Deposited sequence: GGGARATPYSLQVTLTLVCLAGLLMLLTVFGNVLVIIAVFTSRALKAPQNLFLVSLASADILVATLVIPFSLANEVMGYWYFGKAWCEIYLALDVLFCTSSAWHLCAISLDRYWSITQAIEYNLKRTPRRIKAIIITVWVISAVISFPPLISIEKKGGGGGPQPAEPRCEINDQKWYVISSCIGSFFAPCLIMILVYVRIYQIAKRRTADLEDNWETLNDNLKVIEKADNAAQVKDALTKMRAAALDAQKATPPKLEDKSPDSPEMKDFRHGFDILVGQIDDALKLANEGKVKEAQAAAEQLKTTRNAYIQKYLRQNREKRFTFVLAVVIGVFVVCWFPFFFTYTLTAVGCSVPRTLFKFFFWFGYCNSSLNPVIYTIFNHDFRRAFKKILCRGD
């Protein structure tokens, strides 16, 4: 059917190998670590097990129907083929939605939800998501469309809408509405410390380009107020630490040292020694960066929620134009055949793009993959 064929099937086999290899590496990395992975990561193996299931049981049949024609072998072929092909996409979307709800509840109610985060509760959520995904994916007896039954799903004007908002749109909307609240909560929690940090930076730049003792003295006084205010804050890395913790003591003592160096710089500035005060300002800038800047980072939980956020973003980016045009055809809109094919082709390669996100943005997953590969 195509001018060249071996190139496309080698491409698809390359894609299937990447999906299987990456997702089975994720599953092994999650299950083999000695208390390094939590039950809240059980969803990551279900989403991974779905990606493997979509690489060995979904994309090869579509590849064959694309090159050799839609030669489905039996009516049960298109039946289970379209059923599992929609089930895996629906289960992936609802798994991402349940993950976003898991992060939201773990943030809002730490102690309470941590007590209800048992592996039994997580396994029950996974089974429930799989069950409701199989229910939503199952159509009301309108299966497809047995001599030459091309695996082309039915396109009812009022079934396309139900299936799309039941699989993609509702989970994506809910998970987006969840992560925007996660983003707002994080920024509201770090706003005051970021304000004090930006005040310290602006007054340091003022002293950098200052030319008289009045400017540097004023900036140092405002820095003293900013440093004392930031000292009473809780940095993002130490968000779950005690006041007697050595890092919290180091954070407090670091701003104590910064205030002391500001007092010394003010003693220099009041004597008219502008250049000496500016040099002391550069020294306390380095001291502040060396003492505090490591605590401005997020903890492991916040970094992983960001990783799951960009995973949701990749999932939406891969599947949105497909559902968008597939819904547009229901209300009377024209789309090219090759373009309409490549739109869900972007959704297929999401299964292989999912494991590599962990290697890019996470250090534990990348270390576990390196450990499995090296030894």
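Undergrad: So which bits of the deposited chain never got modelled?
TA: Missing C-alpha atoms (numbering from 1) occur across the ranges 1-9, 155-163, 394-395.
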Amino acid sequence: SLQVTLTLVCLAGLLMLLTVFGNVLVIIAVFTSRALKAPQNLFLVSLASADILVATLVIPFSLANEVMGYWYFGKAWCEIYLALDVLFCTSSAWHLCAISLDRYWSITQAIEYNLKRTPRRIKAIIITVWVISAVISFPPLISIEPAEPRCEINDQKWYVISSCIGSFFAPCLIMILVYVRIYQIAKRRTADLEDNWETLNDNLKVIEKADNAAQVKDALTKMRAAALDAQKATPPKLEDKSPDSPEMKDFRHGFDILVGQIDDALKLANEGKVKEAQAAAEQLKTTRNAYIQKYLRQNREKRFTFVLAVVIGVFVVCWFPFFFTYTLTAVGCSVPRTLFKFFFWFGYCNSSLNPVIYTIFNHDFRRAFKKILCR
From here on, numbers count along this sequence of modelled residues.
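Undergrad: If you take the mean CA temperature factor per stretch, which one wins between 80-88 and 99-107?
TA: Result of the comparison: 80-88.
Undergrad: Using only the Cα atoms and their B-factors as the entry lists them, report which of 294-302 and 146-154 averages higher.
TA: Averaged over C-alpha atoms, the B-factors run higher in 146-154.
Undergrad: If I read the C-alpha B-factors straight from the PDB entry, which of 35, 317, 50, 311 is highest?
TA: Going by the entry's C-alpha B-factors, 35 comes out highest.
Undergrad: Highest Cα B-factor in the PDB entry belongs to which of 253, 288, 120, 275?
TA: Within the set 253, 288, 120, 275, 120 shows the top C-alpha B-factor.
Undergrad: In terms of the chain's CA B-factor thirds, is residue 246 lowest, middle or highest?
TA: As the PDB entry reports it, the C-alpha B-factor of residue 246 lands in the lowest third of its chain.
Undergrad: Relative to the other modelled residues in the chain, which third contains the C-alpha temperature factor of residue 187: lowest, middle or highest?
TA: Answer is middle: the recorded C-alpha B-factor places it there.
Undergrad: Pull the Cα B-factor of residue 166 out of the PDB entry and bin it into the chain's lowest, middle or highest third.
TA: Its C-alpha B-factor, which the entry lists for residue 166, ranks in the middle third among residues of this chain.
Undergrad: So where's residue 72 on the chain's Cα temperature factor ranking, which third?
TA: According to the entry, residue 72 has a C-alpha B-factor in the chain's highest third.
Undergrad: Taking the C-alpha B-factors as the PDB entry records them, is residue 197 in the lowest, middle or highest third of its chain?
TA: Lowest third, going by the recorded CA B-factors of the chain.
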